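In this analysis, Cβ positions are derived from the backbone assuming ideal geometry, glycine residues included, and neighbour counts consider all displayed protein chains. Just so it is clear, none of the values below were taken in a lab; they were calculated from the coordinates.
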Ligand SMILES: *[C@@H]1O[C@H](CO)[C@@H](O)[C@H](O)[C@H]1NC(C)=O
């Protein structure tokens, strides 16, 4: 979804990306609620990966809140939009060979 | 030396393979309207190697 | 009967076929690729000579397929060996009939690979180079994510912002003002602004031919 | 030019072949236009071209006095040419002669 946008984007297309962005961050909030209920927060702070999830999800949420206002028309701080892509590192840790090589 | 020649020779073929491929693709297609400043071209094989080696060194 | 063909391989004729690969390799460097359908006198001979090399290799496939089995012969390093023969015959067959006819000739640049396959003293060193490539996949994988993570970030920040270049104010001609166009951001935005006698109008002259900007995602990689 | 040389019978054999695509064609067209600019109104001229076949860039097909007007026609025809085909000097020179 983050790779879909391109210059000269369609107003309808822009909305669709935002809709998915709202949806996807919603699922990653289910990851939050579902995980934290499984075991209390004190264990959530134990591993950095779970800690790294704190700032990522909230960063996404505040961006959605900032989406309520419309400085532009479908005829500004853009620092929290990068937290979505940065979560991809969690995928990198899956590989047993690479993580030990980097670690 | 019996192995350095083999290794360097093997490297030479790779440059030849891509140099020959470059001619088949970009051979004579660098003739643009602008003033001919395209010295690093793919026109003829002896001059194609220099262009390929230039990419290798980057 | 088939035994007669097999015993030929015993006779050291691998020298002549290998020299044909080298001989052909010298027949590709001489080929001058003129810009637009032109061809000097020599290029006319090489295409005729190209037929000979095709026949010499084609007969060998028959000699080496009957002797070593149709199924087993591909199951070796010769897979590319037959790969050239199959598609090269298409090239000569299709060209004589008359698009992509000319571009299909690129497969012939692979024949030199047969040269490194023929000599067993060089197949080992090539496998030595390749055998060392497996560990580097992890480095390749990391570089793949470095490209992806940074390319996506590039999209968000530099989302096609290099499409405003300075234009002359006189208005006789609508062309970029500076002989070396550089992206400009007009007032109300951070960046450079034109000189006393030119304006930054939203055309497109920032990147060189629109190849080195962050517009698309492919352009971002 | 009036005293430098006597009248002429020009015949410019523009080589519009595949090998002259790009800058070379621009130089050819500019040089041919300049040459036609260096012809008096009392000498004849024509502009042929060979690309494995010697056609004529213009509508004349013979020598046309290099007048103030004919020069313009030849200049426009030269400007609107393209590189293509295979060069053939023999056929072009035969056509010219
Ligand atoms: C240029 O010459 C070509 C020759 O076929 C012709 O089709 C074209 O209309 C000409 N253009 C002009 C502007 O004279």
Unmet requirement for residue D:25, which otherwise passes all of (1) within 18 Å of residue D:2 (Cα to Cα); (2) assigned to a helix (DSSP H, G or I): (1)
Matching residues in segment D:65-97 - criterion: being surrounded by 13 or more Cβ atoms within 10 Å (Cβ to Cβ), outside any helix (DSSP H, G or I) and within 16 Å of the ligand (Cβ to nearest atom): D:81, D:83, D:84, D:85
Residue list for segment C:33-70, restricted to those being in a loop (DSSP other than H, G, I, E, B) and in contact with a helix residue (DSSP H, G or I) (Cβ under 6 Å, 6 or more places away or on another chain): C:33, C:34, C:35, C:36, C:37, C:38
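Does residue D:60 fit the bill of being in contact with a strand residue (DSSP E or B) (Cβ under 9 Å, 6 or more places away or on another chain) and away from the ligand (no atom under 16 Å from the Cβ)?
On the way: in contact with a strand residue (DSSP E or B) (Cβ under 9 Å, 6 or more places away or on another chain): yes; away from the ligand (no atom under 16 Å from the Cβ): no.
For residue D:60, the condition - in contact with a strand residue (DSSP E or B) (Cβ under 9 Å, 6 or more places away or on another chain) and away from the ligand (no atom under 16 Å from the Cβ) - is not met.
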Failed item, numbered, when residue D:13 is tested on (1) more than 16 Å from the ligand (Cβ to nearest atom); (2) over 15 Å from the mean Cα position of the chain (by Cα); (3) outside any helix (DSSP H, G or I); (4) within 30 Å of residue C:35 (Cβ to Cβ): (2)
Qualifying positions in segment A:36-58 - more than 16 Å from residue A:90 (Cα to Cα) and assigned to a helix (DSSP H, G or I): A:36, A:37, A:38, A:41, A:42, A:43, A:58
Counted residues, segment D:40-49 - those being away from the ligand (no atom under 12 Å from the Cβ) and within 14 Å of the chain's Cα centre (by Cα): 5
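Just checking, which of D:52, D:31 is over 23 Å from residue C:42 (Cβ atoms) and away from the ligand (no atom under 16 Å from the Cβ)? Lay out the reasoning, then the answer.
Working: D:52 fails: over 23 Å from residue C:42 (Cβ atoms).
Every option except D:31 fails the conditions.
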Where residue D:1 falls short, out of the listed (1) over 15 Å from the mean Cα position of the chain (by Cα); (2) surrounded by 18 or more Cβ atoms within 10 Å (Cβ to Cβ); (3) more than 14 Å from the ligand (Cβ to nearest atom): (2)
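Identify all residues within segment C:176-202 that are within 14 Å of chain A (Cβ to nearest Cβ) and at negative phi; write none if there are none.
Step one: filter segment C:176-202 for residues within 14 Å of chain A (Cβ to nearest Cβ), giving C:183, C:188-190, C:202.
Residues satisfying the conditions are C:183, C:189, C:190, C:202.
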The one condition in (1) more than 14 Å from chain A (Cβ to nearest Cβ); (2) assigned to a helix (DSSP H, G or I) that residue C:148 fails to fulfil: (1)
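Surrounded by 12 or more Cβ atoms within 10 Å (Cβ to Cβ), closer than 30 Å to residue C:77 by Cα and within 14 Å of chain A (Cβ to nearest Cβ): is that true of residue C:141 in this structure?
Working: surrounded by 12 or more Cβ atoms within 10 Å (Cβ to Cβ): yes; closer than 30 Å to residue C:77 by Cα: yes; within 14 Å of chain A (Cβ to nearest Cβ): yes.
The answer is yes for residue C:141.
Which residues, taken from segment D:44-64, are part of a loop (DSSP other than H, G, I, E, B) and within 29 Å of residue D:5 (Cβ to Cβ)?
Taking segment D:44-64 as the starting set, the residues that turn out to be part of a loop (DSSP other than H, G, I, E, B) are D:45-46, D:51-53, D:57-64.
Across segment D:44-64, the qualifying residues are D:45, D:46, D:57, D:58, D:59, D:60, D:61, D:62, D:63, D:64.
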Every residue from segment D:16-38 that is out of contact with any helix residue (DSSP H, G or I) (no Cβ under 7 Å at 6 or more places or on another chain) and surrounded by 19 or more Cβ atoms within 10 Å (Cβ to Cβ): D:16, D:17, D:18, D:19, D:21, D:22, D:25
Evaluation of residue C:73 against (1) away from every other protein chain (no Cβ under 14 Å); (2) part of a helix (DSSP H, G or I); (3) surrounded by 11 or more Cβ atoms within 10 Å (Cβ to Cβ) (one fails), failing number: (2)
Count - residues of segment B:1-28 that are more than 23 Å from residue C:21 (Cα to Cα) and at the interface with chain C (Cβ under 7 Å from one of its Cβ atoms): 1
